[PDB]
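> What follows is a single structure, and I will ask about it in a moment.
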Amino acid sequence: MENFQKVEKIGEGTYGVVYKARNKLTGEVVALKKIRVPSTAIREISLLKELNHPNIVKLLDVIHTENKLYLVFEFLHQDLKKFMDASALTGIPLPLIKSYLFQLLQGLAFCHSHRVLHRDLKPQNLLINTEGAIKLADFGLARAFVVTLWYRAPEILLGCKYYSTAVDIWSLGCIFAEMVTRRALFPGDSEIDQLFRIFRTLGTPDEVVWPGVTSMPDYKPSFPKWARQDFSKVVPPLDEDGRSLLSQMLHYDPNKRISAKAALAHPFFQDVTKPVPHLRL
Ligand SMILES: N=C(N)NS(=O)(=O)c1ccc(N/C=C2\C(=O)Nc3ccccc32)cc1
């Protein structure tokens with residue numbers, strides 16, 4: 001903490017405050033994260049350091065000093081939330097949405113193959129650079145260690161404590177929809193509002209569509225029954241390839257919901273390219 005000249009506070013996270021900081025000895029600009037320490041956690045984090053991929057924001061150093069923890073990460077200039085806001089009036093071009101989504105699925109497919117889950121994907125954890133790359137931040141901190149419930153998967157909301165990599169697919173599906181319509185898909189303001197927002201669009205799940213759902217911890221027989229809506233009405237004007245992919249990412253049953261690896265082979269990515277965005281830094 002003495003070797004860093006904190007420039008600005010980049011924002012608070014689920015596990016701590018992040019600062020844009022400049023390393024004194026090296027001059028390099030990094031993202032320093034002060035974790036808000038157990039032995040398990042240290043080991044957890046230390047595995048994440050060796051998890052390298054072009055679509056994962058790199059964990060550079062871990063500093064446990066004076067019984068405090070700080071994580072040093074590579075720095076990217078803008079998050080997807082700010083870029084979306086900037087493009088609110090015109091929307092993000094489909095060719096760019098398609099490239100960002102393809103890159104994110106590659107990152108997830110890498111993490112998921114190493115049994116690492118993000119568990120808290122949101123536009124704010126997605127970082128972009130001038131070269132057209134997009135990277136995931138916070139990967140693996142959930143395991144080792146007002147909040148937005150907008151991108152939370154149904155199984156978490158219903159009390160499943162042993163969730164899987166499918167939760168990340170769901171969150172990504174929610175971000176995919178938001179980039180296309182320029183409006184949050186399920187903006188719930190509490191857990192039950194969140195749940196009901198999902199039920200009102202996708203229909204209240206039952207044993208036909210989701211076997212075992214009625215035996216979930218927080219499922220109540222008293223849940224109102226809503227019918228399912230046409231996706232054509234939910235995500236206009238996404239073409240049929242996009243909508244079919246989206247429906248596979250938003251399946252209720254985690255076991256049925258598409259994997260990141262299978263998603264990469266979907267017809268929607270037949271014409272992917274890597275356009276370079278216009279970023280105002
Ligand atoms: N607020 C500013 N300055 N611009 S911005 O809002 O687009 C913005 C700019 C940079 C970042 N970067 C965040 C991060 C970064 O670079 N690496 C990380 C690793 C872990 C957690 C967060 C980060 C996040 C937001």
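All residue names refer to the structure tokens as shown: chains lettered A, B, ... in order, residues numbered from 1 in each chain, ligands numbered from 1 in order.
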Considering only helix (DSSP H, G or I) as DSSP defines it on the backbone, what residues of region 55-107 of chain A qualify? List them as a PyMOL selection string.
chain A and resi 80-86+94-107
> Taking N, CA, C and O atoms for each residue, export the selection above as a PDB file, in the first residue's frame.

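The resulting part-v4.pdb:
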ATOM      1  N   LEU A  80     -18.490  -1.907 -19.272  1.00  0.00           N
ATOM      2  CA  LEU A  80     -19.604  -1.989 -20.217  1.00  0.00           C
ATOM      3  C   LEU A  80     -20.814  -1.132 -19.825  1.00  0.00           C
ATOM      4  O   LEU A  80     -21.552  -0.654 -20.691  1.00  0.00           O
ATOM      5  N   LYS A  81     -20.987  -0.869 -18.536  1.00  0.00           N
ATOM      6  CA  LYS A  81     -22.088  -0.044 -18.107  1.00  0.00           C
ATOM      7  C   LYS A  81     -21.935   1.366 -18.714  1.00  0.00           C
ATOM      8  O   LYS A  81     -22.855   1.840 -19.399  1.00  0.00           O
ATOM      9  N   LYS A  82     -20.756   1.988 -18.532  1.00  0.00           N
ATOM     10  CA  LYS A  82     -20.450   3.342 -19.066  1.00  0.00           C
ATOM     11  C   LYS A  82     -20.518   3.404 -20.596  1.00  0.00           C
ATOM     12  O   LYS A  82     -20.983   4.379 -21.166  1.00  0.00           O
ATOM     13  N   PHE A  83     -19.990   2.389 -21.255  1.00  0.00           N
ATOM     14  CA  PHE A  83     -20.060   2.312 -22.707  1.00  0.00           C
ATOM     15  C   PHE A  83     -21.532   2.175 -23.177  1.00  0.00           C
ATOM     16  O   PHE A  83     -21.920   2.779 -24.169  1.00  0.00           O
ATOM     17  N   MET A  84     -22.358   1.429 -22.450  1.00  0.00           N
ATOM     18  CA  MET A  84     -23.759   1.288 -22.822  1.00  0.00           C
ATOM     19  C   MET A  84     -24.464   2.627 -22.652  1.00  0.00           C
ATOM     20  O   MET A  84     -25.269   3.043 -23.496  1.00  0.00           O
ATOM     21  N   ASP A  85     -24.153   3.311 -21.564  1.00  0.00           N
ATOM     22  CA  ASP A  85     -24.768   4.594 -21.313  1.00  0.00           C
ATOM     23  C   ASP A  85     -24.412   5.541 -22.437  1.00  0.00           C
ATOM     24  O   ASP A  85     -25.282   6.222 -22.987  1.00  0.00           O
ATOM     25  N   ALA A  86     -23.142   5.533 -22.826  1.00  0.00           N
ATOM     26  CA  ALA A  86     -22.655   6.390 -23.904  1.00  0.00           C
ATOM     27  C   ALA A  86     -23.369   6.120 -25.237  1.00  0.00           C
ATOM     28  O   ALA A  86     -23.595   7.037 -26.023  1.00  0.00           O
ATOM     29  N   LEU A  94     -24.969  -4.312 -33.726  1.00  0.00           N
ATOM     30  CA  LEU A  94     -25.062  -5.750 -33.576  1.00  0.00           C
ATOM     31  C   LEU A  94     -23.714  -6.415 -33.780  1.00  0.00           C
ATOM     32  O   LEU A  94     -23.362  -7.329 -33.042  1.00  0.00           O
ATOM     33  N   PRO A  95     -22.944  -5.988 -34.798  1.00  0.00           N
ATOM     34  CA  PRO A  95     -21.643  -6.637 -34.980  1.00  0.00           C
ATOM     35  C   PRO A  95     -20.727  -6.574 -33.734  1.00  0.00           C
ATOM     36  O   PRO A  95     -19.923  -7.483 -33.521  1.00  0.00           O
ATOM     37  N   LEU A  96     -20.816  -5.499 -32.952  1.00  0.00           N
ATOM     38  CA  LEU A  96     -20.012  -5.335 -31.743  1.00  0.00           C
ATOM     39  C   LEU A  96     -20.586  -6.199 -30.599  1.00  0.00           C
ATOM     40  O   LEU A  96     -19.847  -6.898 -29.897  1.00  0.00           O
ATOM     41  N   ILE A  97     -21.909  -6.172 -30.428  1.00  0.00           N
ATOM     42  CA  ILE A  97     -22.590  -6.986 -29.412  1.00  0.00           C
ATOM     43  C   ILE A  97     -22.215  -8.445 -29.621  1.00  0.00           C
ATOM     44  O   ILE A  97     -21.820  -9.151 -28.685  1.00  0.00           O
ATOM     45  N   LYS A  98     -22.219  -8.865 -30.878  1.00  0.00           N
ATOM     46  CA  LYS A  98     -21.898 -10.231 -31.237  1.00  0.00           C
ATOM     47  C   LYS A  98     -20.433 -10.618 -30.910  1.00  0.00           C
ATOM     48  O   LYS A  98     -20.158 -11.754 -30.519  1.00  0.00           O
ATOM     49  N   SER A  99     -19.488  -9.686 -31.087  1.00  0.00           N
ATOM     50  CA  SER A  99     -18.071  -9.921 -30.795  1.00  0.00           C
ATOM     51  C   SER A  99     -17.847  -9.975 -29.282  1.00  0.00           C
ATOM     52  O   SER A  99     -17.113 -10.826 -28.805  1.00  0.00           O
ATOM     53  N   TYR A 100     -18.434  -9.022 -28.553  1.00  0.00           N
ATOM     54  CA  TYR A 100     -18.311  -8.962 -27.094  1.00  0.00           C
ATOM     55  C   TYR A 100     -18.866 -10.226 -26.454  1.00  0.00           C
ATOM     56  O   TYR A 100     -18.266 -10.769 -25.544  1.00  0.00           O
ATOM     57  N   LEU A 101     -20.016 -10.690 -26.933  1.00  0.00           N
ATOM     58  CA  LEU A 101     -20.659 -11.889 -26.433  1.00  0.00           C
ATOM     59  C   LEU A 101     -19.836 -13.157 -26.725  1.00  0.00           C
ATOM     60  O   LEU A 101     -19.756 -14.044 -25.885  1.00  0.00           O
ATOM     61  N   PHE A 102     -19.209 -13.227 -27.901  1.00  0.00           N
ATOM     62  CA  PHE A 102     -18.364 -14.360 -28.299  1.00  0.00           C
ATOM     63  C   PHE A 102     -17.101 -14.446 -27.420  1.00  0.00           C
ATOM     64  O   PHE A 102     -16.658 -15.532 -27.027  1.00  0.00           O
ATOM     65  N   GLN A 103     -16.493 -13.295 -27.161  1.00  0.00           N
ATOM     66  CA  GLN A 103     -15.306 -13.210 -26.314  1.00  0.00           C
ATOM     67  C   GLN A 103     -15.632 -13.586 -24.861  1.00  0.00           C
ATOM     68  O   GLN A 103     -14.855 -14.289 -24.200  1.00  0.00           O
ATOM     69  N   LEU A 104     -16.748 -13.066 -24.352  1.00  0.00           N
ATOM     70  CA  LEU A 104     -17.177 -13.366 -22.985  1.00  0.00           C
ATOM     71  C   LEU A 104     -17.426 -14.881 -22.792  1.00  0.00           C
ATOM     72  O   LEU A 104     -16.974 -15.464 -21.811  1.00  0.00           O
ATOM     73  N   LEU A 105     -18.068 -15.531 -23.764  1.00  0.00           N
ATOM     74  CA  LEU A 105     -18.329 -16.959 -23.684  1.00  0.00           C
ATOM     75  C   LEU A 105     -17.040 -17.773 -23.709  1.00  0.00           C
ATOM     76  O   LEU A 105     -16.982 -18.873 -23.165  1.00  0.00           O
ATOM     77  N   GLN A 106     -16.023 -17.264 -24.399  1.00  0.00           N
ATOM     78  CA  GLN A 106     -14.725 -17.934 -24.451  1.00  0.00           C
ATOM     79  C   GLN A 106     -14.096 -17.836 -23.068  1.00  0.00           C
ATOM     80  O   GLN A 106     -13.519 -18.801 -22.583  1.00  0.00           O
ATOM     81  N   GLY A 107     -14.191 -16.657 -22.452  1.00  0.00           N
ATOM     82  CA  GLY A 107     -13.649 -16.467 -21.113  1.00  0.00           C
ATOM     83  C   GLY A 107     -14.353 -17.385 -20.124  1.00  0.00           C
ATOM     84  O   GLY A 107     -13.704 -18.063 -19.319  1.00  0.00           O
TER      85      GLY A 107
END
> Which residues of chain A sit at most 10 Å from ligand 1, using only C-alpha atoms and all ligand atoms? Give each one's shortest atom pair and distance in Å (one decimal place), in chain and ascending residue order, as a Markdown table.

| residue | atom | partner | partner_atom_place_in_ligand_line | distance |
| --- | --- | --- | --- | --- |
| A:8 | CA | ligand 1 | 3 (N) | 7.8 |
| A:9 | CA | ligand 1 | 1 (N) | 8.0 |
| A:10 | CA | ligand 1 | 1 (N) | 5.3 |
| A:11 | CA | ligand 1 | 24 (C) | 7.3 |
| A:12 | CA | ligand 1 | 22 (C) | 8.9 |
| A:13 | CA | ligand 1 | 21 (C) | 7.5 |
| A:14 | CA | ligand 1 | 21 (C) | 9.8 |
| A:15 | CA | ligand 1 | 21 (C) | 9.5 |
| A:16 | CA | ligand 1 | 21 (C) | 9.0 |
| A:17 | CA | ligand 1 | 21 (C) | 8.6 |
| A:18 | CA | ligand 1 | 22 (C) | 6.1 |
| A:19 | CA | ligand 1 | 13 (C) | 8.0 |
| A:20 | CA | ligand 1 | 16 (O) | 7.3 |
| A:21 | CA | ligand 1 | 16 (O) | 9.9 |
| A:29 | CA | ligand 1 | 16 (O) | 9.2 |
| A:30 | CA | ligand 1 | 16 (O) | 7.0 |
| A:31 | CA | ligand 1 | 17 (N) | 4.7 |
| A:32 | CA | ligand 1 | 19 (C) | 7.4 |
| A:33 | CA | ligand 1 | 20 (C) | 6.8 |
| A:56 | CA | ligand 1 | 19 (C) | 9.3 |
| A:57 | CA | ligand 1 | 19 (C) | 6.1 |
| A:58 | CA | ligand 1 | 19 (C) | 7.6 |
| A:59 | CA | ligand 1 | 19 (C) | 7.6 |
| A:60 | CA | ligand 1 | 19 (C) | 9.8 |
| A:71 | CA | ligand 1 | 20 (C) | 8.2 |
| A:72 | CA | ligand 1 | 19 (C) | 7.7 |
| A:73 | CA | ligand 1 | 19 (C) | 5.0 |
| A:74 | CA | ligand 1 | 17 (N) | 5.3 |
| A:75 | CA | ligand 1 | 16 (O) | 3.4 |
| A:76 | CA | ligand 1 | 16 (O) | 4.0 |
| A:77 | CA | ligand 1 | 10 (C) | 4.3 |
| A:78 | CA | ligand 1 | 7 (O) | 3.1 |
| A:79 | CA | ligand 1 | 7 (O) | 4.7 |
| A:80 | CA | ligand 1 | 7 (O) | 7.6 |
| A:81 | CA | ligand 1 | 7 (O) | 7.7 |
| A:82 | CA | ligand 1 | 7 (O) | 5.4 |
| A:83 | CA | ligand 1 | 7 (O) | 7.3 |
| A:124 | CA | ligand 1 | 24 (C) | 7.1 |
| A:125 | CA | ligand 1 | 22 (C) | 6.6 |
| A:126 | CA | ligand 1 | 13 (C) | 8.5 |
| A:127 | CA | ligand 1 | 12 (N) | 6.6 |
| A:128 | CA | ligand 1 | 7 (O) | 8.7 |
| A:129 | CA | ligand 1 | 10 (C) | 9.7 |
| A:135 | CA | ligand 1 | 17 (N) | 9.1 |
| A:136 | CA | ligand 1 | 19 (C) | 8.3 |
| A:137 | CA | ligand 1 | 20 (C) | 4.8 |
| A:138 | CA | ligand 1 | 20 (C) | 5.3 |
| A:139 | CA | ligand 1 | 20 (C) | 8.5 |
| A:141 | CA | ligand 1 | 20 (C) | 9.7 |
| A:279 | CA | ligand 1 | 7 (O) | 9.8 |
| A:280 | CA | ligand 1 | 7 (O) | 9.4 |
| A:281 | CA | ligand 1 | 4 (N) | 7.7 |
> Just checking: using only C-alpha atoms, which residue out of A:25, A:153, A:7, A:180 ends up closest to residue 237 (chain A)?
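The shortest atom-to-atom distance to residue 237 (chain A) comes from A:180.
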> Mind giving me the straight-line distance from CA of residue 248 (chain A) to CA of residue 201 (chain A) in Å, one decimal?
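Between CA of residue 248 (chain A) and CA of residue 201 (chain A) the gap is 15.0 Å.
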> Find the residue from A:183, A:260, A:197, A:276 that sits nearest to residue 235 (chain A); use only C-alpha atoms when measuring.
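Smallest separation from residue 235 (chain A) among the options: A:183.
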> Check the smallest atom-to-atom distance from each of A:192, A:63, A:89, A:47 to residue 220 (chain A) using only C-alpha atoms, then report the winner.
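Counting only C-alpha atoms, the residue closest to residue 220 (chain A) is A:192.
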